[PDB]
């Protein structure tokens with residue numbers, strides 16, 4: 001009932017393109033402090049990619065005596081992996097504050113002044129070079145993306161985000177997955193239930209028993225890639241050239257990981273087609 | 001001490017140009033708790049002006065159960081008023097770090113990055129308008145002053161300093177009083193004794209023996225107005241014109257308080273030699 005938990009964590013992490021390899025690390029008999037550090041590292045990466053908007057909280061995950069993995073924010077028990085992925089998404093929901101574009105409204109640094117996102121590159125240079133902590137608001141970035149930047153202590157953070165809901169991603173991963181099926185009326189009656197209802201709807205109505213009870217386990221229904229944070233440290237975190245390069249890097253990686261998680265999703269969705 | 005612990009504190013406070021009025025407050029119909037608060041407000045004001053360079057510490061002053069005034073840095077007892085002013089100066093001294101010019105090497109914001117103090121004013125403007133907490137190193141300013149600036153939260157702190165030891169200030173007041181002497185014979189002897197053992201030397205000389213006694217118990221021997229801090233809040237704290245105005249204001253306030261305490265010291269050294 002709490003077994004297959006390392007693998008459950010690994011699958012959650014995969015929806016963010018994080019090959020956390022936690023199961024393998026436990027099979028190698030790694031010490032529990034090691035597993036704890038690895039769980040936390042992966043979760044913080046995933047948090048960099050999920051786009052939920054919670055950089056102002058501390059994200060940890062840790063083993064419990066009863067074989068569970070406990071996820072926490074600012075140290076408060078938020079959820080347990082055994083309670084399922086929908087339960088985790090529900091745990092995060094009240095701590096979010098998304099605007100109309102889906103972008104987070106919270107300041108990464110917390111309460112305080114936020115410089116504009118459109119700032120002239122010379123002004124931003126002065127902030128990078130000579131300020132202590134600082135933070136810009138969202139600005140448009142390229143190809144329907146948005147970007148921002150902030151420095152906490154010794155580390156500069158460059159975030160690039162293109163919000164995209166998880167439901168839609170699932171339905172398009174089911175577009176490819178159905179697309180690979182017999183040209184037949186299962187299709188035409190999914191597609192004619194596309195001019196009437198969402199695609200989990202038409203695919204839970206046109207399928208057989210356990211389509212919903214099976215799919216209610218997928219983490220990809222609650223989590224998907226929407227941003228990418230590239231970090232810099234030390235002298236680089238006060239160098240404007242490094243920041244410009246890091247922005248290029250974060251946009252590139254956004255493209256990459258969106259593609260990669262799409263591929264892994266359609267693959268395992270197609271693994272469910274062979275099983276059927 | 002002399003005529004009370006509240007008198008003793010007011011006399012200290014006068015060294016920094018703070019008319020703290022604690023003796024009057026204690027003799028009044030004020031609410032209970034009003035005195036400790038007065039003491040701490042006056043003390044922090046004073047710290048902005050003595051130039052000891054301790055902005056990173058929290059200063060407080062509070063009554064004790066045996067009727068004394070205790071002075072604290074970061075909650076720790078440092079000294080008590082009745083122990084005398086030399087003792088207070090010596091409690092501060094090991095906390096201080098003054099470079100050759102007399103200026104604090106301590107950041108006001110503590111450990112971290114400091115911008116240069118000769119920064120181009122357009123860059124400094126970007127910091128005032130868009131950064132959060134930040135701080136600059138000392139630089140020169142108008143009229144042999146030095147200046148630095150920093151933001152803590154919603155307040156911008158502009159400091160202007162013209163270091164001068166309590167000894168140098170005593171020497172300037174001794175010079176002043178040796179000038180205004182009406183009797184010329186005494187003045188010829190004083191000026192000879194001063195071509196020899198300096199100005200205050202001669203001056204304390206001509207008094208009755210033990211001249212250096214008594215005055216050495218005055219606080220003027222251990223604290224003197226060396227600097228001034230002007231504060232801005234709200235929108236003004238993010239306005240670079242306000243910054244430049246605030247600098248002129250703090251420079252004027254400093255030249256005033258130094259002229260003042262020079263006059264008051266010149267009165268100290270006059271009411272013990274004229275009656276000779």
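One is the number of the first residue shown, and numbering goes on along the chain from there.
In case you wondered, yes, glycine gets a Cβ from its N, Cα and C as well.
Feature list (source: Swiss-Prot):
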MOD_RES   A:64  phosphothreonine
MOD_RES   A:104  phosphoserine
MOD_RES   A:136  phosphothreonine
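Of the listed modified residues, namely A:64, A:136, the sparsest Cβ surroundings within 10 Å are found at A:64. Counting in whole angstrom, residue A:136 (phosphothreonine) lies 13 from residue A:104 (phosphoserine) by their C-alpha atoms. Under the three-state DSSP scheme, residue A:64 (phosphothreonine) falls in the coil class. In the three-state DSSP reading, the residue listed as 'phosphoserine' counts as strand. For residue A:104 (phosphoserine), applying a Cβ distance below 8 Å and a minimum sequence separation of six or more within one chain yields A:51, A:52, A:53, A:54, A:55, A:96, A:97, A:98.
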